[PDB]
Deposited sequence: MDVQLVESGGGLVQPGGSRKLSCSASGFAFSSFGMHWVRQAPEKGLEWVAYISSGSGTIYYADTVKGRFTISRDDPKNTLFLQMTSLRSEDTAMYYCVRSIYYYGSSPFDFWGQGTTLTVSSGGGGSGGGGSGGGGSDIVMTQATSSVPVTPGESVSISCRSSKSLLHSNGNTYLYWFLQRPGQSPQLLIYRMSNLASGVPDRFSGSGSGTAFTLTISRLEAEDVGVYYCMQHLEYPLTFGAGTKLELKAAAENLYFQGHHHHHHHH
């Protein structure tokens, strides 16, 4: 599976996956039944889908992200190439040496625990010069295709991402993203400097 960015699909069924844009821009589900827009730019940008050609157009850095919604699913798996609840992170830069645990904190303003039990927090990492990769979805489960070292835990309005063992490949920028209700809001950029 791969996404080449409009965008293009090659190696997967585009017609069975919901689509998002990451700030958030728009969201289109399968069959275009439900389409959501961002409150800041609603009116000037438009989103359209073409299933036969597997191409999603945006009439106007921008990223297009896959998703799928069922029990046990892992939305925001592939990030491609490239009122409102506010997310805040106090930490901005922390020097660190490989081989020691690291803790990063992300706050909220209300209860993110929905009645279904899902805590819609997504921790993802962006390497310098690389597209972002999903690390933790729903704040409790780890992604696939990524090292097992990363983890996370939290409660109430405070959540933390933890690194037990640190190596030279952990340098990057970490982001906590919320998906409780639309529009999607992003936290302050937390950068780790070697």
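Participant: Tell me, which runs of residues in the deposited sequence have no coordinates at all?
Facilitator: According to the deposited record, C-alpha coordinates are absent for 1-2, 8-21, 39-46, 85-93, 116-136, 249-267, which together make up the missing parts.
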